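Residue numbers (PDB author numbering), protein chains in the order written: chain A, 37 to 454; chain F, 37 to 454; chain B, 37 to 454; chain E, 37 to 454. Backbone N, C-alpha and C define an ideal beta-carbon position, used for all residues, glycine too.
Number of protein chains: 4
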Amino acid sequence: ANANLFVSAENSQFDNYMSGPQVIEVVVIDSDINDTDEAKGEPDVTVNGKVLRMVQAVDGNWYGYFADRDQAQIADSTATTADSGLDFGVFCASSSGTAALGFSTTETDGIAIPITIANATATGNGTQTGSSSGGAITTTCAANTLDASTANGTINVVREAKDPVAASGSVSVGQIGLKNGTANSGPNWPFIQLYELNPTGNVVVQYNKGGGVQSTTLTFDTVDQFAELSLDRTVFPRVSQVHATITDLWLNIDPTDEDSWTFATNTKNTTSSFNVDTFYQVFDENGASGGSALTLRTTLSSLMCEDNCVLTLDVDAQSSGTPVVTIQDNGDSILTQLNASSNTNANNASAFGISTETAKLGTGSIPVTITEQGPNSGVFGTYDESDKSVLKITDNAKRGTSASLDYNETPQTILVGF
Amino acid sequence: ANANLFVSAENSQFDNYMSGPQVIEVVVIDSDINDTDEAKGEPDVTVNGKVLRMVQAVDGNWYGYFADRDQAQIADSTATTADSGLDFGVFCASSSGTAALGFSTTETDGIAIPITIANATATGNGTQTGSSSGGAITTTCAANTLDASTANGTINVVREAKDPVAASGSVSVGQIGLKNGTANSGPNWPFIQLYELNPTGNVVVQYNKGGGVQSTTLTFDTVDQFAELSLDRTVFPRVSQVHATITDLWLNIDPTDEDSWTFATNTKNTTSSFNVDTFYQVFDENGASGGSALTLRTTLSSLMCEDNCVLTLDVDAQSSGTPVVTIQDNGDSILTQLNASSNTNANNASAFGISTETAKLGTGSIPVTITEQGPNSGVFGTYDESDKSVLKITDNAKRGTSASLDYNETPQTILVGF
Amino acid sequence: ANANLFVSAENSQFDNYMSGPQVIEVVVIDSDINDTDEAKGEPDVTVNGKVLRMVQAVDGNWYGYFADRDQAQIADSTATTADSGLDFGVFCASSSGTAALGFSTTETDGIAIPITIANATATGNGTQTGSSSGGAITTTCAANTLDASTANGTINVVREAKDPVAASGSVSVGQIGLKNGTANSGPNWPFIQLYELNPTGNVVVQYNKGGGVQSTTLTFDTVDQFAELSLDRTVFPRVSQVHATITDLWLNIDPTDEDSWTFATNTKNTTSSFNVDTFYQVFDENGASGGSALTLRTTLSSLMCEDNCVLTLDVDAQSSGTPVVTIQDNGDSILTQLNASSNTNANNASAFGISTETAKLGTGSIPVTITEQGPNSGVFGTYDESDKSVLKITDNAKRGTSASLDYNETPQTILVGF
Amino acid sequence: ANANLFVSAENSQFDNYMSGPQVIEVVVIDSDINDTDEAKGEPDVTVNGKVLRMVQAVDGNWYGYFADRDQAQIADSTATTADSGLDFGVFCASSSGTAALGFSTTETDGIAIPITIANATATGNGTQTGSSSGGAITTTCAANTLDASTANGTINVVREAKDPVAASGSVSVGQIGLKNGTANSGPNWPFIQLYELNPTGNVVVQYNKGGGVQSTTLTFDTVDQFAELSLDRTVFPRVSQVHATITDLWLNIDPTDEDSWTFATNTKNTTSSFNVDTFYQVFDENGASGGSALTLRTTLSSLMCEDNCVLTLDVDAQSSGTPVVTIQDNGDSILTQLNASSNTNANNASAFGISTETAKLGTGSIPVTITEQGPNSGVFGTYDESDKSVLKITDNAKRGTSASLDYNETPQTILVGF
């Protein structure tokens, strides 16, 4: 295998597939270029032949974040508000890298920088939200675009980028000339370089160094065949927790942090306005408020999802009046009892909702939340780090009454017995 | 087999368990960021998803200390006087880190800093003692609280923290911006970041680095199954030193220091006001004055101590008028024969006591001190570096008569035979 | 396999042949001299013995571009306008390198620099257009020639040059003392050095380094035997895409960037003034406009094309009035239906053209555009990255009718079958 | 087997044992932190868990010297004069390192620094002579203690400390903040850190570095089983040299330099005031004067010498009036025939002595001097580099007579035969 090139998608468990709008991180760990006090040369790395500018961090490793241009634009379209949802920041053309970042990026299809626009002109300033249907990037950016920003660090798909090397002596910021080197709240780092990729086609990342080229092969294909949900036990006793494990590649958008998804799985909420929807990063990995909740139901088709990005739950399959599974708050989410009336108890799964986002996650609309088991493992679990699950079996359950939890359009039945 | 992240509670001998008010040292020994003259960044170290602020030391390793919030509060509730017992210092709100420590600490559940309060307001200053019932803390701390401190260094659970990197040019104190960088005697370092953990639930410490993340799993539960006591031999001659090897994880409160505990083990002192008790840091690991002695008998129940944190000694199993075990002053203790009457001799174990703390460790009560064999091995011993035990078989012991020592409610018989 | 010498023409698929006006890129990737903050020694790399000057890039890799003198002069003859077509820039005498570039280049047979001439003196200023025959280049250049250029960066044969190292301290621009060091808009970098080569004779690149010499031998010969057109199926259904893959070494003129070629394949356009022609870089590789279109058919005989540089298309081999194959726009070009009248449909291939190049690619003259599947792959395809082929079968096709696609004078049939 | 941790006591010849007042030298030789112009991280090396501070030297190797506390105090008790004998310097409390040396050393049990005391306060100044028994060192030191020293560099137990790195920019003196940087003459470097050790118990040196821990375990036990005296022949001819080789681990007190020991081996000197005694560093390794001579025989019982630290010689085992073995000066000592009268010859061994140490090594009291065959060899020999043994056979020896050389209480015979 490779010894100096590490790509986020090198996973033999999932056959090195990459899909959706996920950002793929490329890391170079070489002994020849990891001196942070010297102006050593940038590693010559190429994805499908096109160069990929690397920024060195305080650990002496060179980092480059890339994603598909159309997928990133589609994902940013749903990010109606800055720094929330699948927010890629501001799209600037390839020719604007020198003025916006301080170095040439003409070989890439586009760059997404973490700024905000305060004077949204037609040509001189980039696009804040990006086209819904994707397409080519033409809008440019400049130094006044950086200086006029009222807020910096609007990218939410790469949240834990390492700190760039500070300028000292002959060494510039990142050894390539960044203008502002703040790790995540700045207007330059991190930045995603956009490459228009071939669907169902191989993606090859190559690193050039003296001794031999190192190449990694990746596939740009739908990953519905690798997605499945597994229950820990066949039969659930009365008070047992319901730990659910979800393994899916498309949900691993962030290559450097734990991805968190909050769902609306209640399949019987027959209100016309309500729809079964998936939400990205409502609760951070720490269990705090990750931002606002934003719609993703009408977009998953364009986000290359093939029946593997939506979760649906039914608390009672037999409609016996006693729900089987319920939901509960834990350390990875903020779930509160909206209907605090004494007439109902915690056993009512429809009585729990998210207070700050009651517009689509109020009473009813059973909010199921999953967190990633590691920054890049791609395996998600309802249970928190304290073995306390989101889904719980009701205490007054009846033997034989069962609940249906559905993922990947392959529902699994949660049976109750003794 | 991690490469850079090392956790104190990680121990194959005790299966990575953790319990009680233990403070857990997290060290990131990473050769890539070991230098201290460059304006390097903080490594991304999180536990249970919550970020853990790291401070670089003069040895080039980043340090960070965390503990359970409820356990830390309960332990500090027994700190009647500052810098004594299980004193965690002074607690403050998680939003007070910027005002007090100079850097944000929002993602935690409270910080324990070794400040003291001169203007003890009910709102603007933290709790010097802490709530005995545990739970969340909302008391905030500000810069004026620092400026009004009359004594810095009240923390007694982290006593050998390494010196933070001194500020110079483009580098701040600890590279993150501590206001005062004097270690083990200042108001900022060391400080403990509190986190909410669930008993019997696993604790996952995470280090995020390029090329692959490093994660360690700890179990936060009662550890009575590992608390064991062993004797070097089976039969003991008339004057042989009695050696006790206490393999207990719970007693290792300080990870960076050897810990000293004092017990009142007299099982037959029928005085009503006297009870079997435990004390923390009565003496230093060098046998000097370790501070004041504070009660812990009534607090061990809330400190996850299921029959694994108390010591009681039986000196005459048959009650034949011939005592078997007695105690002496050592190099790791300041024991004193208070009853210096010429009528009695060194065999009367009830004649020994401690001068400074005669209130509970006075004449009788059999004050017994134990010191850890190593700073973090979690194994304690009565015998010192000079091999002089704390327990001796009496020179006038009758053959066949035996004494029993009790730890973990598992009696250990000390047979005497020729 | 070489350890530190990389030559673009070194391809095992084509037995390291080279032909035509190709610019060959020589890269030195070596850890010994990969630093940029020190004035290290220029690598002593030679081709056929003659020294080839190299400029360091921000990636710590030494870059040098060379090409045949006759082929480059012939190609620059066709580029009647600046910064479009096979425009090599401005030819200068070998003695003019020290005045213009700032370093000796005497051993070369000529240098092409990206400038323009305002005062076209017969002696003191070089030739902007070259000659259609070639030969020695006696026209010289000076510093005033550089300062009298109103549009720097006219080279269109190399578009993805890296950044010369910034001059700091003892370090000069790059490492060899360039006078201007911008990526592709300045008057110095990039530049091609002109070398006489022997047709049917080997071209040897030598790198003289301590410990041994690294050699890479090429071949300067017609590569028509390596040209072939492949189709993805034997019979083409009703509305299938027509994917064409062109494996041609000759068409890979730029070694650093992808090359786009726009054609005029309509063989039956019997207009006297119309003639089948090939065009270079009409559209940018990202789909934008890549410059004006210039005639090459009167040149392809002089560029070693042994009937392997012309594409001819005949949509209806039977003239049944129902054209089998039509064309449409995709992401790698800008195709437009010039005739927007409702009297015609999308099946009228002759109704498509380029709005900005109507003079030679107007109505009729079916413009087929190809893009190289990689910066130096040497293999071209009509489809874009979204699998949207330029050639598409008309929906009204008659069974048994077929189209004839002819490349390398080897016509192929596109049979319609169900 | 270790990669970067080197410990002086690690000897396969003696099974890594150590004993007595030996100063053990710990060297870190690591390419990661071997530079001297950067403020790299101090290596995290510990013995028995306690941290051992290390100072970098001009050779890029981090140096650290430690010794047992009781043995060092006992040895410094014998050195009644400064900079002579087993003089460890001035003992200071562990809390005084930050004031005197300039860095924290609390985890140590005491530090010995090379100064002298002008104002011998009971509290504010350390103990110059230590104690003959040992115990904890409560006497502290401060900066005024350093500045009040009229003779810096009194340590005679380590003589070859390498020069600490000079302070430049962010780099401090010794890379850890030494106040004075002159080595072997200054008041700071070298210094020995005092550590409690367990007799018959292992001493473990741990080095905590990224990628794994390097461990070297010693043994603190009497090494009399490794002491032996070897003779180069069985029968000694008329004027043969008597070459004695002493393989003793205990006598290798200094780990950096060669150690010279001058003896008083005359067993038949029946003067009441006379006594058989051992002396340390009377003469330098180069033959010059190495300092005053101090009594040790009253101490060798307290220095773990199990009858393996005293050499006794009897020239004539039969008292025939013709001594067999006589002594002679060489290049590793300064011996002188005090009785220059012509009435005697060179065969009168009792006529030799040391002019500067006449009080205890005057006429009679045959002074035998040995020199270690290497800085850390642990093997001593009487001969110099010119093969000029101290012991020589008298030319007028009678056949059949023999001498008795006794080391380790194992007398050996020197038989005269032809």
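Reduced DSSP category for residue i - H, G, I as helix; E, B as strand; rest coil
| i | result |
| --- | --- |
| A/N244 | strand |
| A/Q409 | coil |
| B/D183 | helix |
| F/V404 | strand |
| F/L336 | helix |
| E/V209 | helix |
| A/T116 | coil |
| B/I69 | coil |
| F/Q164 | coil |
Beta strand (DSSP E) segment containing residue i, residue limits
| i | result |
| --- | --- |
| E/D104 | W98 to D104 |
| B/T218 | It is not in any beta strand (DSSP E) - B/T218 carries neither H nor E in the DSSP assignment. |
| B/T82 | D80 to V83 |
| E/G133 | From DSSP, E/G133 is part of no beta strand (DSSP E) but of the alpha helix (DSSP H) over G133 to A136. |
| A/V193 | Premise fails: A/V193 is in no beta strand (DSSP E) and is neither H nor E. |
| A/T314 | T314 to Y316 |
| F/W225 | From DSSP, F/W225 is part of no beta strand (DSSP E); its letter is neither H nor E. |
| B/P447 | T446 to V452 |
| F/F416 | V415 to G417 |
Delimiting residues of the alpha helix (DSSP H) encompassing residue i
| i | result |
| --- | --- |
| A/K396 | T394 to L397 |
Euclidean distance between Cα positions of residue i and residue j
| i | j | result |
| --- | --- | --- |
| F/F272 | F/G357 | 19 Å |
| B/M90 | B/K198 | 12 Å |
| F/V201 | E/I69 | 17 Å |
| B/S140 | B/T134 | 5 Å |
| A/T362 | A/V87 | 51 Å |
| A/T399 | A/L371 | 11 Å |
| B/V346 | B/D313 | 7 Å |
| E/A172 | F/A324 | 9 Å |
| A/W297 | A/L332 | 11 Å |
| B/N155 | B/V259 | 40 Å |
| F/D431 | F/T281 | 23 Å |
| F/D368 | E/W98 | 32 Å |
Cutoff 7 Å; reference residue i; Cβ partners in own chain excluding five residues on either side
| i | result |
| --- | --- |
| A/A353 | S438, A439, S440 and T449 |
| E/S131 | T142 and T176 |
| B/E264 | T283 and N444 |
Chain G contact residues for residue i, given Cβ-Cβ distances below 8 Å
| i | result |
| --- | --- |
| A/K198 | The structure shown has no chain G; the protein chains it does contain are A, F, B and E. |
Same chain only: Cβ atoms within 6 Å of residue i, ignoring 5 sequence neighbours per side
| i | result |
| --- | --- |
| B/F262 | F50 and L285 |
| B/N412 | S44 and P291 |
| F/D66 | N40 |
Residue i Cβ short of 6 Å to the ligand HEM heavy atom set
| i | result |
| --- | --- |
| B/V361 | Absent from the structure shown: the ligand HEM. Ligands present: none. |
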